[PDB]
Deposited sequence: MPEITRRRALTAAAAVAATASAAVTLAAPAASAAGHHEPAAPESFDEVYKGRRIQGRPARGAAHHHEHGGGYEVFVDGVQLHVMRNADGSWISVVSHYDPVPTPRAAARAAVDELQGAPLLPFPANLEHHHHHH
């Protein structure tokens, strides 16, 4: 049962999430994310660091990127 969608501006950047099995975007650029068996999430820019939700993974990506555009 997928998490709810989200849309907000986090540290100046637009993060969006939606069920697909779940997609995340940072300023319109898709961010690879994955769900772990226990329900936590990671993204490709935090791939050894489980966080509880896809929004938390999106925010972690914005923290990691320090303003840099994501590459597809």
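Coordinate coverage of the deposited sequence breaks at 1 to 39, 60 to 70, 123 to 134, these segments carrying no C-alpha atoms.
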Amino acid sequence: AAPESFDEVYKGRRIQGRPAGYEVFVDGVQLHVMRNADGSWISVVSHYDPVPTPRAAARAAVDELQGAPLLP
From here on, numbers count along this sequence of modelled residues.
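Per-stretch averaging of Cα B factors for 21 to 29 and 53 to 61 places 21 to 29 on top.
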